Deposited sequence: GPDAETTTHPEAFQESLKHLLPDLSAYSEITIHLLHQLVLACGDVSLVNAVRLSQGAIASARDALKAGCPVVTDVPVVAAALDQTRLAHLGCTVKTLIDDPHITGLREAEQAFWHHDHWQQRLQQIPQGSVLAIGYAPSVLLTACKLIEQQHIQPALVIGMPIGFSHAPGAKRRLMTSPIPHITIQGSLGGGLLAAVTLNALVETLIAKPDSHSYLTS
């Protein structure tokens, strides 16, 4: 029996879109514990979907996140993709992010922490933050900080994260649209 539905536990508390997202994440890296570890804010789904339908900017921290995105479907919706790290410092670019853009972070906790601090001071206002940095020593604290934020978000409790996972999360939302 090679059925993903019957391998994973029952997820009947979550919506059909949420369930689809969790399935895609498991398919990406093989770790079934992901269904437990992923955290979504209350209406992350709707906030993401409203933004993508408006043809919002999509901004990634590093290029490998950008390269794993399905840019064909994003372009169809009218979304531009741009990267922070190729003064023209990455923080100068983050500070100019348009209201209602999607911010996807697959590598650096320092980028996630800087973004939370800008958000707290209301210097930027993304529609959604996908905060999935690699497990450097300051990654847990950055993700905790994101979970206190009023900005809609998707993140991961524990060590998992990365370029594929941040990209897969966004591809799953575009797929259901």
Which deposited-sequence positions, grouped into ranges, are missing C-alpha coordinates?
1 to 13, 100 to 115, 207 to 218
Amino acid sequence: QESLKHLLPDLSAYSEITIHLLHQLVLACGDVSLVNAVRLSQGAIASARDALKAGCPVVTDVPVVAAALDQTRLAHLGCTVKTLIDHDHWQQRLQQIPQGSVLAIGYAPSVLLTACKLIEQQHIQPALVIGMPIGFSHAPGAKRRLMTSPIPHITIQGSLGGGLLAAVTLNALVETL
From here on, numbers count along this sequence of modelled residues.
Going by the B-factors listed in the PDB entry, is the mean over the C-alpha atoms higher for 119 to 127 or for 26 to 34?
26 to 34
Mind pulling up the entry and telling me whether 104 to 112 or 143 to 151 has the higher mean Cα temperature factor?
143 to 151
Among modelled residues of the same chain, the CA temperature factor third for residue 19
lowest
How does the C-alpha B factor of residue 63 compare with the rest of the chain: lowest, middle or highest third?
middle
Split the chain's modelled residues into thirds by Cα B-factor; residue 170 lands in the lowest
If you rank the chain by CA B-factor, which third does residue 84 end up in: lowest, middle or highest?
middle
Can you tell me which third, lowest, middle or highest, the CA B-factor of residue 135 falls into for its chain?
middle
